[PDB]
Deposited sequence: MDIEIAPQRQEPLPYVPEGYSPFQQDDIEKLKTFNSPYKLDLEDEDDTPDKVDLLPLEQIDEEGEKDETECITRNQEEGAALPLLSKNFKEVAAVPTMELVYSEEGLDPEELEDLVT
C-alpha cells in the first residue's frame, strides 16, 4: 500500500532578544588575554622665564 508523506522540517527564523549584540571572537580574545599590570599608561617650543629674588708616615695617616 502507498505511503503518506510529510513536509520537510524547517528551521524557524533565529530568535534574538531585542537590540542584543553578541560578543564576537575579537571580543572574547580581549577577555582572555593577560597583559602586564605594570605596563604604564599611554611640538612647539617655548622659552624659559626668569625668577625674581709630608713624611712617609703622615701620608698613611692621611688615608687611614
Exercise. In sequence order, what intervals of the deposited sequence carry no C-alpha positions?
Worked result: 43-49, 61-106
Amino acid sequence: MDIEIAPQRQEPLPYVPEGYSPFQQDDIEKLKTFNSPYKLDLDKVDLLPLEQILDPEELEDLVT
From here on, numbers count along this sequence of modelled residues.
For this session: Return whichever of 16-24 and 43-51 has the greater mean Cα B factor according to the PDB record.
Result: 43-51
Exercise. What stretch has the higher average Cα B-factor here, 3-11 or 55-63?
Worked result: 55-63
